[PDB]
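We give structure tokens for two forms of one protein chain below, kept apart as structure 1 and structure 2.
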Structure 1
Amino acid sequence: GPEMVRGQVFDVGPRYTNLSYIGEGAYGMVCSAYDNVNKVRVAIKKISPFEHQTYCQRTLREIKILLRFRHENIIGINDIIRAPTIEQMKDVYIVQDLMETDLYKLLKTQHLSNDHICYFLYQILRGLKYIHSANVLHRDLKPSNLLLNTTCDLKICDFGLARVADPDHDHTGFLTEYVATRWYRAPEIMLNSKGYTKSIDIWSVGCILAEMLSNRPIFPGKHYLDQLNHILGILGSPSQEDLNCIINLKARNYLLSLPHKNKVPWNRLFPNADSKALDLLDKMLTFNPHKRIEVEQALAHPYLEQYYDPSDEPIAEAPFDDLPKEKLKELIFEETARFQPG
């Protein structure tokens, strides 16, 4: 008699019991459950990826990366449940620390004080410093991928779209298709970037900081090129120098074809914000990715002075594919073996 939540079997017993629905997404479904061994409630997510290569790849990145990383501001993996044989394995359950909420839900429902914004932003950047120090790009930072406990400790989650950084192969054509979440996409993704540089993640953090200031997404576009309408609408027209960095003619001529747009001042958009927060926001939401602040610079910014402590902002002990779904199943099976009876 396995437990079932909302019409999905949760085959996680007997260790994990008294399940309750939390939510769902394309990845599968997440529940809370009581862990009878450690005597605490946990989060458990049911993933069913084995029919498609893309879902296999995302599952393997998530598992491999999160098992390698160990950081206070990054969700870990505590346990993985799956069948004892590849043949019988159809689902993978990933057990993780239970959190109270995520920043998406929190922003829908709660005004943050400046002290909360500051502490949240510090933790996002502290976690990101470790990620970037491992030569990894998160590539989908957004409020729903930032988890919060009842004391406002923050953990980054979802490494399914992460990649190893590859700046020498970042260049591409104009309006080239992209997977990561549209409101948090850096302008260069639409122009000339594959999102293989650390600057893509800083842009996303900037968008999250703006969202924390007002409870509303700063660049709520409707489609690939509308996203750029919103960005340019606030930042204003790019400078000559910033255009000279866009060598691709289709992207450059698109930008040249637009009427001049003035910058909207941050302090007019966010009249209640701390002026130091707005100076850091400006540096994160810099059009030219080469001029955009890096994570270690952002941590050292005056806005974060109460928390900044590089000795307590650890890095990874070392830095960190077109395989078919059959071979990816075998690699997920091997990567999850440590959690089986043995």
Structure 2
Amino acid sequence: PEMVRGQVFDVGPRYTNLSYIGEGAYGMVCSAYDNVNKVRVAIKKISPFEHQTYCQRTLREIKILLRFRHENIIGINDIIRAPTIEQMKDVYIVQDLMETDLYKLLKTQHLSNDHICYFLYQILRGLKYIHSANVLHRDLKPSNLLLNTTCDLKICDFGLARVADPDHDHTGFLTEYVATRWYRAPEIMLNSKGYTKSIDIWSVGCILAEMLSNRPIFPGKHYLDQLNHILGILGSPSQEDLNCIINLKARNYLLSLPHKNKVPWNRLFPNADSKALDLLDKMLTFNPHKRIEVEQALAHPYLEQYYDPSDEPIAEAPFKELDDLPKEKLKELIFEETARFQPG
């Protein structure tokens, strides 16, 4: 059994010559040489079986990634685990090795307008497919956008993904939220559980703004600072936009704030393409009902060089009840879901 840093990384014999990357939520990550396809790959060790919440996340992401097949979404190439439920303590997920991610790129590299445009197109092309399967990503951010050396972009980390549920999207003011703060839509802090597609378009808008400047646009330092950051740029919500916020704690909080005027996008981003700013404005709309949809974004003049609906596939099999399953049942479903990778 191959070791790495005194931890078992039992992946062989297909996957040889390992190297440590880092930690992920339920275990460690390494690269390795695939000896069938003759290219190096990434492998995540996952060990979720003691905790039902970890089982649900693992099973949900396996189910989603195996259902999906899209150029701009990370695939599962292989899954390694024991032949029996009783011997299965760990699962190893094998994926394409991607040289970098958009977070690392933004820390280190100036992006040309052509790079921005092409990355944005690929994000939206992948998202169109996700949304067409009735799935929400809910944690889109630069570190979840992987890139290889030819600038192919793949969306990853479906650990917070959910089937869309706009009918049950309402909640009270300051409801706790799982996804990364700086890319959360304003409504998360006000009255939304993040069960509609508009949550993802906001996060894309944040990523576009970050690409234009190499810096996060709304780097909130806590839950309500994330909103005071949003309103210092967008300006105070209009009365019309406030008519949507029926919850009094959320309404009255917004009403208590000093009036702020909109900061023009062209002043924040003086070297940006004017069509990029128009599209940015439409993604970063305070009111989620007025926020642009993925297909409208793809069809925006900024992306005209790329837009091709016949080459922007939709899911064949959209997701049309894991919360209250015990961890023992979830282990069984993870076993069943991973059965297709077993030698046979």
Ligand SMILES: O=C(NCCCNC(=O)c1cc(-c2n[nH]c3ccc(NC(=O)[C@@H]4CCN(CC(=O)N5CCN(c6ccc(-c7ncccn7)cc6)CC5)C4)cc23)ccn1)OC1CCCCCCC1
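Numbering runs along the sequence of structure 1, starting at 1. We call the rigid core whatever largest set of C-alpha positions still superposes within 1.5 Å between the two forms.
Trainee: Structure 1 or structure 2: which matches the form deposited without this ligand?
Mentor: Pick structure 2; the other is not the form deposited without this ligand.
Trainee: Given the rigid core as reference frame, how large is the C-alpha shift of residue 98 between structures 1 and 2? Answer in angstrom.
Mentor: Displacement of the alpha carbon, after core fit: 1.0 Å.
Trainee: Where the rigid core has been superposed, how far does the Cα of residue 29 end up moving between structures 1 and 2, given in Å?
Mentor: After core superposition, the C-alpha of residue 29 moves 2.1 Å between structures 1 and 2.
Trainee: Can you give the C-alpha shift of residue 214 between structures 1 and 2 in Å, rounded to one decimal, after superposing the rigid core?
Mentor: Displacement of the C-alpha, rigid core superposed: 0.5 Å.
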